[PDB]
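Asks: Just dropping in an experimental structure and the matching sequence.
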Amino acid sequence: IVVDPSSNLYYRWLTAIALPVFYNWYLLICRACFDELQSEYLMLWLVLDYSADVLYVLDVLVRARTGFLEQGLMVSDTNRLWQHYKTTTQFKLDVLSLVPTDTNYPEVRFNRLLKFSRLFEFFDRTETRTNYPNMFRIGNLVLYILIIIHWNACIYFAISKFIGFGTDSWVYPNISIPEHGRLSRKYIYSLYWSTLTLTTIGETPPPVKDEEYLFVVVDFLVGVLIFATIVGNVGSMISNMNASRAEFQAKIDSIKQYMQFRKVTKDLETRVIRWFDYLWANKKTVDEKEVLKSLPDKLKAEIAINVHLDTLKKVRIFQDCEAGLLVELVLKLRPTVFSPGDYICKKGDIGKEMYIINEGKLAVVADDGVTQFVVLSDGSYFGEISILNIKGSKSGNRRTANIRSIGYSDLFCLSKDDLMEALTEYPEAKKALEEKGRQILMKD
Amino acid sequence: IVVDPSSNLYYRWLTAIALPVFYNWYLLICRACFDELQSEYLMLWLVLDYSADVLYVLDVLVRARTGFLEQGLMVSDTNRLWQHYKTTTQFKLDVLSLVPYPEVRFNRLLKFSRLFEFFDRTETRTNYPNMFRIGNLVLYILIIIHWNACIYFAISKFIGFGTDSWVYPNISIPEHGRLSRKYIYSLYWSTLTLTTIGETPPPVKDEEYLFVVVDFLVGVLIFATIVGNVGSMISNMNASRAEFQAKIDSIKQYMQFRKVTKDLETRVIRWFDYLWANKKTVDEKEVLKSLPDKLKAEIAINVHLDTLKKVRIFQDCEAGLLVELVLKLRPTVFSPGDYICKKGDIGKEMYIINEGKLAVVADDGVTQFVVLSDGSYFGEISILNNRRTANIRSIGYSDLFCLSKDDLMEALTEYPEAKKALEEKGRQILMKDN
Amino acid sequence: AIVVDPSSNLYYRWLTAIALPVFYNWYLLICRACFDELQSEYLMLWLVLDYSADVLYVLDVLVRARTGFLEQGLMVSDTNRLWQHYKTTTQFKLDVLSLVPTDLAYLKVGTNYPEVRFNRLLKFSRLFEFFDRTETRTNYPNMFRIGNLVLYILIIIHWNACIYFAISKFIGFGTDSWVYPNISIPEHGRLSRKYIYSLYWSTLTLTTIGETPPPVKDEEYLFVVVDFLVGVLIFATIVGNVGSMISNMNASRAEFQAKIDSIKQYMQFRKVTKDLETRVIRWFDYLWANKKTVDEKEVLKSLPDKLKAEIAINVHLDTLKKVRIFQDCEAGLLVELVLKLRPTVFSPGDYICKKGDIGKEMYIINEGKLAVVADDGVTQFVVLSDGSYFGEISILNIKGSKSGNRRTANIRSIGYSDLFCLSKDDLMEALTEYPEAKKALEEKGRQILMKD
Amino acid sequence: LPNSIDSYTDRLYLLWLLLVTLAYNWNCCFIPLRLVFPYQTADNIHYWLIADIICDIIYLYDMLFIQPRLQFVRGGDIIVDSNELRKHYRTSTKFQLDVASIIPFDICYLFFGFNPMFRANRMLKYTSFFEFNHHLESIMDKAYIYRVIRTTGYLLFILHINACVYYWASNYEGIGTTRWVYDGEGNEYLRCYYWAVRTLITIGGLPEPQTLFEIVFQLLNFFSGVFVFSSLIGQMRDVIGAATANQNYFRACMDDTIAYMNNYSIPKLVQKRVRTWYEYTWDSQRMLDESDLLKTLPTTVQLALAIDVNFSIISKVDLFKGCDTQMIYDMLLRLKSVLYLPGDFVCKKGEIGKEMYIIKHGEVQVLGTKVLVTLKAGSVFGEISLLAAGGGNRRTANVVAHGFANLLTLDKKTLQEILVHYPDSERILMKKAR
Ligand SMILES: Nc1nc2c(ncn2[C@@H]2O[C@@H]3COP(=O)(O)O[C@H]3[C@H]2O)c(=O)[nH]1
Ligand SMILES: Nc1nc2c(ncn2[C@@H]2O[C@@H]3COP(=O)(O)O[C@H]3[C@H]2O)c(=O)[nH]1
Ligand SMILES: Nc1nc2c(ncn2[C@@H]2O[C@@H]3COP(=O)(O)O[C@H]3[C@H]2O)c(=O)[nH]1
Ligand SMILES: Nc1nc2c(ncn2[C@@H]2O[C@@H]3COP(=O)(O)O[C@H]3[C@H]2O)c(=O)[nH]1
Ligand SMILES: *[C@@H]1O[C@H](CO)[C@@H](O)[C@H](O)[C@H]1NC(C)=O
Ligand SMILES: *[C@@H]1O[C@H](CO)[C@@H](O)[C@H](O)[C@H]1NC(C)=O
Ligand SMILES: *[C@@H]1O[C@H](CO)[C@@H](O)[C@H](O)[C@H]1NC(C)=O
């Protein structure tokens, strides 16, 4: 059969084959360097290594039947999959990571390590499939730190075994003493030496021979390259964790620097800092057109009709006329957030915007005094006749009322020429809106 | 009674509750790991713990009666506030932290969200944001240093005192027996371990080796966090001066490419030096975009009413007129010795002078007919006729409020009597000069 | 009598001549206060340098009481108004605190405390103003930023070194291992040995390296942990500032290389042809070697309008005086065209306009070499050079031939040509007042149908 | 040897730059070694003299027969003629740097004996090394590998310079006098390089300096090592960030989109479709949007890049044979690229046709649920939206994208408003519709 490389079956398999690759790297090489450890646990390592080899066999057997993408559709000819899999170098790596070399020296089994691209593909797929991406990136870099620490601990203990045990002050001490003879102290002291050398603290005993001098120079170099390359990466990741709050803080201290420079009055100071605190307390600071400018029209409008659904399905006339019309309008919508005690419309200003009320209440207030004529909840709309501009009525071509805000309102702005080019194809909803406007005119 | 969550009383309460939480973290790990700071000042820590629990139960009641926002309004239904707070996990954390050897009081550290909200509210409200970010960063690394010092003394107590060479020495000896010496040596060991200096004595036992490995990896990541936060502080502290230096550098290398004349480049450097000396590196339209329209209009009507209280000819407009005006007035600044408009030029712009002394002149001749100062405006007769009236020069670093054609055309709608009077005054000046 | 311009070069020379003794006051006053042997040995030199610093401070209060500021765009020269504006400023309180005559106290105590001259350090704002003016003046801003940061951390290392020597003098010398050793030993008794080992201590602490002897007493433990925290914040400042300098040095090269790699990725994805690949990459190489990769409107969008027009004059009119058509045209249309010009760059072998298209653009050659050609290959009729023009007849829509407004020929670019684009809509919008271009281009249409 | 050597496609000139860079690396990396270390004895002196003769012959050849043949641009056209090339090279700064380098101080070998301090002028020719760096970074595909290798080489070279300077300081103090200097028991360059690493990386652990020259040496070397390690941090972070900035920006945009869709509780089907869109966009286009990459280029290279990719499709279609070339050029400049997920409906039966779709790397199908004709890559559909004024006509079928179809969109109104210029093209397209 064929498997989908974007499904969940391929990802669960990717986890089940990324487990013995990491086992092979770390565990395998840790055992090798510690020949005595191998001696102590031989049947357990043989069982685990036979499990890793049968998983590598099934790995090449399932990479021979994975599909790819040519001409944008899934290919499923199994002979074409076998030819396309034979015509790459990853399959050459699966062939060389499969040879049966072996129970005394596990340095002969280093061909199992060659399947590193599978573990890297697992790390990339889990990074793009998790819900904590920067936390997983910090965890991935921490796991790379621990791999390099373990590998240099094994290399330090092996080069101490090659130089001899306890002959110098730099090398690992004499094994036949029962204090340094424990395998736990072997691994833990090699881990301590390699943590010190790779983080360049350097409170290890100094070398006395030239092989050890060259090894400590090389080791030091690697550490100062490696840690700067990977630990600096972590620093960059941090900034990516804090970047959105940092740019909102950049906006707030630029605004507060301007109003400290211009000596703005304290009432408007407290008002604008209350507005910014309201915006960050309600988490409406992410500008949705700027964050979804990359996406195409269908996915932008499907995101919009799945966010604004419960306060957009409350429309009377333009509810069942044309769903594609509604799709185009909610794609072309544009939200603004208003303060309480704010005028949306005034008597005598030119109209260019229509307002859909979302999560707020607005009251039509009178010309001189504050008399709440009618409060408009969510789902309703206003500000349509001054962007329709129709004949037969009083025809003032301005905004004919005052719309004030009693609370922290949010509206949906839409431009007049934008509505005109959206309704030049659809005139039925325009004459319905026109009829409503006419009725309004008749009333007052 | 309901507390407004964006008020000033709520910030006073965040201060009054972020004092005992910062007490609880610091002093509970110090007392629990030291066991002599607890045993000496027993009644002192007892009465401070009683005060901390009283402030905790008052915070439970305040978060019970604090209002939230639905439909953009304030909710005063205190029963609805009770259900809304009770279905949240902060209420579960609060009743977990109010459950009655100072190691039995480790549930009092669960109110960390109040301290973090206090730090965020101060980082919004204060007038020193980078100084507060530095203070918060040093407070975080001092908490980490202190917690590592307490952890090191706990591991030394668990292994024994003075047995090895890595642990704290024998506490029966009065040189190492004092509490001040104990605490400052644990603080010195954790500074040396976490900053990755490594002048500590080397470990002997396997648990000591493992703790020093874990502690050095934690110290590498904490030092990387310090380097990243101080680098971000430096970058957003000098970002504005750096981008203006990049603008100056782009100007200067473009003029070095195109071989600028000396007087014109001296005017360019004098203009940028005037900008750097009068602090007009800030851009109004670039920085005020994040505000709403009326909040953009109210600071603008403050500053431009301060500039419109000086003028005399166009004060017959009031609220609506100037609201449409302060919305669409923009500032431009002119050099000394600069021409605003000449004789043979078509008019398209009106100006309102604030902070500048302009003088009209003849045809290439310095003759001050009238010196326009703060208190008048100009440039409106050549748009409702030909060509601009006569040459206009600049004495000093004058600043003008430019005005497009569309603005005055839109301003012709409301309050027409003032505009027709002022264009009659335009015809007055026309019949005066020609 | 005269009032010094605060933007003049004489004011900057005064800023140098007054930032010298303030920096001397900081550095060698904390040294003289902490050592009391460098104070004692060179006493006549410190007396004459302190008298120099006092007379320069008196000259600085006399200059700051005589410099003008900018109000209402004008430079005030009224000395009474300047003295009033200086008297109502906190800098005058700092200067009268800094110019306290401590010669009386210096002779009263008996010359063992040079701590009584620590009010002379309060002109730090003058030193910071000198550093700001040198930053906005100099030609190597990265090198001056590195020199300023090195001078700041050198002042910090010297201050912490003198603080460490004063602490070891307070706890006594050589009582334990952390403090400075027993100074009665003639190897540890040299003044240069004292200062150089104390600076070595301060750099080893503040640079978080730490090869010093470990502390013994509680005050030494507390001073070493406060000094280590100050040192790790200073090391974070050094790494962040050097990273900022490295980003500032080559951010333009990095964004240009990023644009090249992004367009290379786009052209390797969309399977464009390889000659077009080499053409676009040699195009970007020529734009980098030409020192022109950023557009002039994106450079001059920050500038005011008359200054932008003056840059347009100084760049374009030395080419626009080499024309053959604006001898019977006027300066109003010269300045309107120089407002309406936008430069485009071309590539060799690239066509401007072919035979028989409706183009609506006019072009002015600038440091190029173009030629009109036929469709049979390279048959150059006439080579055009700097100071020519083409594509002017097809925007007024005048006839007199069987063609209309169609491009009569093929125009290729021989070298790396650089044109000035003038489209139909902006030119016919701005040029609505002058018939000199109308009569000149009607003559152009008449003679182009003559040679057609 | 060709008559004029260019820079872009001369691999022989790149091998010559590699040879001059190798000779400059020999001089700059073996002059301090032969100056300080006792390796220039009387036995290897034939080897060192023949190496310096080979490097000076390479310098003289680069002076005489390569650099006066370098092509350059003057006033727009490339310059080929040899006398002008020679004068252009000889007036430059590279020529005076090379002649200042080639000043043969091997004639001072007879004066003051053998000493490689006189050979220091061969380190002045660094412009050939920098142009080699620029040329290899120009022709390589993954330039960040070479940039990381060059940063590693800079660190190894400054460590070798510090090892040579430390060996000079030990020879000036006397070998084995105090405990700071090199005691002289192993390999001299290896132990001095170990000292250079553990000083310049600011590691420590070396013996403490005793006398004043050693104290000020360790002071200056640690204070330079802090800045060298800081510049290493900055160069490595900058090179790796400029390597992975494209993938990091794409991953940041995908993370912001997923954060928005989970901040407003979008269901799992739409989140799977957005995730599949982002993954296919990264696997196919390797970038976020191509229009933002196009619209920062000049308009003539935009039109060239557009015609070179889409003229094959727009001429493969038999319905687009009667149009005109200016129509083809403007319409191929204004095409908008879009991507449809499998199973989506590009035009449902009953909607108003407003877009003309061009297929490019996709497989679509028209459909009730029975297929009528599948369209391959380079096909066209949606021609009925040429005569629709306002609403006009509806879509006559359900055309469903079968795979990951990447359609090119062309709107109705733009098609009509450039199509009114061409009545012949409008007539032949109307005759094709009839
Ligand atoms: N004139 C008017 N507008 C009303 C009334 N009730 C709600 N509205 C809305 O208030 C409006 C204010 O702005 P508009 O002129 O744009 O359009 C008007 C209507 O949409 C009413 O009784 N009269
Ligand atoms: N002609 C003229 N304009 C004046 C005078 N005083 C102020 N102004 C303003 O100066 C102007 C310059 O530009 P305008 O022609 O646009 O209109 C003119 C007036 O608004 C004066 O005495 N004469
Ligand atoms: N046909 C033609 N055009 C020329 C010549 N010299 C300069 N030009 C300009 O080249 C042009 C190319 O475009 P146009 O047809 O728009 O108009 C033509 C002229 O303005 C010449 O000898 N013949
Ligand atoms: N119905 C139909 N449309 C086709 C076919 N081949 C190409 N097309 C185009 O596919 C279309 C889809 O949208 P339209 O109804 O707008 O118009 C249709 C045609 O322009 C075909 O075989 N049938
Ligand atoms: C290790 O210990 C054994 C027994 O004490 C001894 O024989 C041997 O020589 C020691 N090895 C070294 C290298 O000292
Ligand atoms: C510490 O000292 C006391 C007496 O001073 C002694 O009894 C005790 O054993 C010592 N501790 C250790 C661990 O040896
Ligand atoms: C310092 O040295 C002097 C003599 O050299 C000696 O008398 C004194 O005791 C010493 N002090 C200390 C603290 O060692």
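Replies: Great, that's in hand. Numbers count the residues shown, from 1 in each chain, chains lettered A, B, ... in the order given. Ligands and ions are numbered 1, 2, ... in the order given.
Asks: Measure how far stretch D:358-377 is from the centre of its chain, please.
Replies: Distance, stretch centre to chain centre, for stretch D:358-377: 40 Å (C-alpha atoms, centre = their mean, to the nearest Å).
Asks: and what of stretch D:422-431?
Replies: 47 Å.
Asks: now the residue of the stretch 201-350 of chain A found nearest ligand 6, what's its secondary structure?
Replies: In the stretch 201-350 of chain A, no residue comes nearer to ligand 6 than residue A:203, which is 25.0 Å away by C-beta to the nearest ligand atom. Every residue, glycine included, has its C-beta placed from N, CA and C. Assigned with DSSP: H, G, I helix; E, B strand; the rest coil, residue A:203 falls in the coil class.
Asks: Just give the number of residues close to the residue nearest to it when sequence neighbours are not counted.
Replies: Computed as C-beta to C-beta, 6 or more residues apart in numbering or on different chains, the closest residue to residue A:203 that is not its neighbour in sequence is residue B:198, at 4.3 Å. As a burial measure, residue B:198 scores 22 neighbours (other C-beta atoms under 10 Å in any protein chain shown).
Asks: Alongside chain C, which residues does the stretch 251-400 of chain D contribute?
Replies: D:284-287, D:290, D:293, D:296-301, D:304-305, D:308-309, D:325-326 (C-beta under 8 Å from any C-beta of the partner chain).
Asks: Narrow those residues to just the buried residues.
Replies: D:285, D:287, D:290, D:293, D:297-298, D:300-301, D:304-305, D:308-309, D:326 (16 or more other C-beta atoms under 10 Å in any protein chain shown).
Asks: among these, which are in helices?
Replies: Those of these mapping onto helices are D:290, D:293, D:300, D:301, D:304, D:305, D:308, D:309, D:326, per DSSP state H.
Asks: And the furthest pair within the residues you listed?
Replies: D:293 and D:326 (24.9 Å; C-beta to C-beta).
Asks: Tell me who's in contact with residue 358.
Replies: The chain I'm using is chain A. A:308, A:311, A:312, A:335, A:378, A:410, A:411, A:412 (C-beta atoms under 8 Å, 6 or more residues apart in numbering or on different chains).
Asks: Please refer instead to chain D.
Replies: Taking C-beta under 8 Å, 6+ apart, one finds D:310, D:313, D:314, D:335, D:380, D:407, D:408, D:409, D:410 in contact with residue D:358.
Asks: Which member of those residues is positioned nearest ligand 1?
Replies: Using C-beta to the nearest ligand atom, the contacts of residue D:358 come closest to ligand 1 at residue D:409, 34.0 Å.
Asks: Neighbours of the closest one, how many?
Replies: Neighbour tally, residue D:409, other C-beta under 10 Å: 17.
Asks: Same question for the residue in the stretch 251-400 of chain D that ligand 1 sits nearest to, what's its three-state structure.
Replies: With C-beta to the nearest ligand atom as the measure, residue D:390 is the residue of the stretch 251-400 of chain D nearest to ligand 1, at 25.1 Å. Three-state call for residue D:390 (three-state DSSP): coil.
Asks: Do you have the strands of the stretch 301-434 of chain D handy? List them.
Replies: D:336-337, D:345-347, D:355-359, D:364-366, D:374-375, D:380-381, D:399-401, D:407-411 (DSSP state E, counting those that start in this stretch).
Asks: Dump the ones you listed to JSON lines, plus distance to residue D:184.
Replies: As requested, those are exported to JSON lines (distance: least, C-beta to C-beta, whole Å):
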{"stretch": "strand D:336-337", "distance to residue D:184": "71"}
{"stretch": "strand D:345-347", "distance to residue D:184": "82"}
{"stretch": "strand D:355-359", "distance to residue D:184": "78"}
{"stretch": "strand D:364-366", "distance to residue D:184": "81"}
{"stretch": "strand D:374-375", "distance to residue D:184": "83"}
{"stretch": "strand D:380-381", "distance to residue D:184": "84"}
{"stretch": "strand D:399-401", "distance to residue D:184": "78"}
{"stretch": "strand D:407-411", "distance to residue D:184": "76"}
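Asks: Please name whichever of these is nearest to residue D:241.
Replies: strand D:336-337 (28.5 Å).
Asks: Name the strands paired with the closest one and say parallel or antiparallel.
Replies: strand D:407-411 (antiparallel) (DSSP bridges).
Asks: what angle separates the partner strand from strand D:355-359?
Replies: 150 degrees (axes from the mean of the first three to the mean of the last three C-alpha atoms, to 10 degrees).
Asks: in strand D:407-411, what counts as buried?
Replies: D:407, D:408, D:409, D:410.
Asks: Just the C-alphas of stretch D:274-286, formatted as PDB.
Replies: Taking C-alpha atoms only, stretch D:274-286 is exported to PDB below (Å, rounded to 0.1, in the frame of the first residue of the first chain):
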ATOM      1  CA  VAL D 274      -4.200  26.300   6.800                       C
ATOM      2  CA  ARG D 275      -1.400  24.000   8.100                       C
ATOM      3  CA  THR D 276      -1.600  22.000   4.800                       C
ATOM      4  CA  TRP D 277      -1.400  25.300   2.800                       C
ATOM      5  CA  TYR D 278       1.600  26.500   4.700                       C
ATOM      6  CA  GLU D 279       3.400  23.200   4.400                       C
ATOM      7  CA  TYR D 280       2.700  23.000   0.700                       C
ATOM      8  CA  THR D 281       3.800  26.600   0.200                       C
ATOM      9  CA  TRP D 282       7.100  25.900   1.900                       C
ATOM     10  CA  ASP D 283       7.600  22.600   0.000                       C
ATOM     11  CA  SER D 284       6.800  24.200  -3.400                       C
ATOM     12  CA  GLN D 285       7.600  27.900  -3.500                       C
ATOM     13  CA  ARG D 286      10.200  28.100  -0.700                       C
END
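Asks: Give me every residue in the stretch 151-300 of chain A lying close to ligand 3.
Replies: Within the stretch 151-300 of chain A, no position lies close to ligand 3 (C-beta under 6 Å from any ligand atom).
Asks: show me where the stretch 151-300 of chain A has strands.
Replies: Counting by DSSP E, counting those that start in this stretch, the stretch 151-300 of chain A contains no strands.
Asks: Can you name the residue of it nearest to chain C?
Replies: At 9.3 Å from chain C, residue A:232 is the closest residue in the stretch 151-300 of chain A, using C-beta to the nearest C-beta.
Asks: and ligand 3, which of the strands of the stretch 301-434 of chain D is closest to it?
Replies: Closest approach to ligand 3 among the strands of the stretch 301-434 of chain D (C-beta to the nearest ligand atom): strand D:407-411, 28.5 Å.
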